[PDB]
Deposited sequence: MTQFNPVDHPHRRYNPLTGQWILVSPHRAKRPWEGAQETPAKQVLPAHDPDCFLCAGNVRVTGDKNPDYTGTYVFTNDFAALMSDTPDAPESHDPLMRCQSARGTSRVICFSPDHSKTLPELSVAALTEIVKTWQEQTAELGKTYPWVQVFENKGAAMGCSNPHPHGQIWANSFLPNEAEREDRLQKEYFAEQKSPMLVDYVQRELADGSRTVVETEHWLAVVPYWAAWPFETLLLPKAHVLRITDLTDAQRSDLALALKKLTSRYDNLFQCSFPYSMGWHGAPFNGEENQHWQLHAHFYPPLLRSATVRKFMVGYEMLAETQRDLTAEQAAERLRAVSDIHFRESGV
């Protein structure tokens, strides 16, 4: 009859990557089948005062602590790979460094369980590290991989920061696409997007005075979110103190809604994408963070991005709109902090 994206399969475009996502909204459904940590761990290599696998001892830190990855995948003095135009087998040089960021000394407190003051210190540390690395490397990538579903055997809450001498794949593509949009539209892509989402609200999950978190229109993972500042901001280092303290609040609310969804510590991979330190005019950029969680149906039922998804294109069953509604239905106060 008449197309209704709530009922009919369709593909949605991702303007940041130039790819499409296949949405299948009313898939036939299968038959109903039916329905604590210590604050300090003596063996934890990330805990304060402990010795790392390498022998280096961690200080008796009280807030965040950043150290160079003992097993860094990149190094700052790597020799250059030879120049090649080989259409089939070619390589390029790679230099960088990697650092681990302990969010706090408490071995059992994840982001939504930390206070706004503690979260503000984390943002302060992300800014300091990004400013320092940006002086030498054009691309700085702050990220966090959380949970065993993501491959983490050590639950100590922490993130990582990688610096690259080149623009990795996602960055170069987001940079190009954003540039094109800006050249034609004269406004940054994501700033216009924030405006549209604020007028709509159907995909909104968290809204604070300076931040907006939505399940993007083009979301690929079930409960994936995109966190963006409401004003035009190029890098994390450019946030005003007010935007910074507010970011800590948005993060706390966003991560608490994720943990309340299934009443469990929700795994995900998250990272910040900001203008590169390449000396160019980067007005086309908009600082933003992506959150990519694997869980789909329960604290134990996850989405496996395989087969058809790896050979052709990502496919999803729950729409971005339904996912946002589910995230808005729970509380924004972490279950462990609320007396419920």
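In this chain the deposited sequence has gaps in the coordinates at 1, 37-43, listed in sequence order.
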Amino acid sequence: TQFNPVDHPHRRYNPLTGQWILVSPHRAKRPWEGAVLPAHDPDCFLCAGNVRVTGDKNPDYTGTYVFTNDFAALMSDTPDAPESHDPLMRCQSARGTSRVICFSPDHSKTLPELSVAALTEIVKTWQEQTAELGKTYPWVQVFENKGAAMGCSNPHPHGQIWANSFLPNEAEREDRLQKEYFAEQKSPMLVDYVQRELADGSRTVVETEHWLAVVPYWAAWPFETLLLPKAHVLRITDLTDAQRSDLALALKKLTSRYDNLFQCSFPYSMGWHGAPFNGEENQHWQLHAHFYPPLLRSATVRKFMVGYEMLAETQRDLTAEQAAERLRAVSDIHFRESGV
From here on, numbers count along this sequence of modelled residues.
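In this entry, 100-108 shows the higher mean Cα temperature factor of the pair 215-223 and 100-108. With 315-323 and 20-28 compared on mean CA B-factor from the PDB entry, the stretch scoring higher is 20-28. Highest C-alpha temperature factor among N154, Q243, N145, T136, as the PDB entry reports it: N154.
Residue set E207, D80, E132, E180: peak C-alpha B-factor at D80 (per PDB entry). Ranked by Cα temperature factor within the chain, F262 sits in the lowest third according to the deposited record. The entry lists a Cα temperature factor for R196 that places it in the lowest third of the chain's modelled residues. The PDB entry assigns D86 a C-alpha temperature factor belonging to the highest third of its chain's modelled residues. Looking at the C-alpha B-factors along this chain, the one for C44 belongs to the highest third. Annotation for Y308: C-alpha temperature factor in the highest third relative to the rest of the modelled chain, per the entry.
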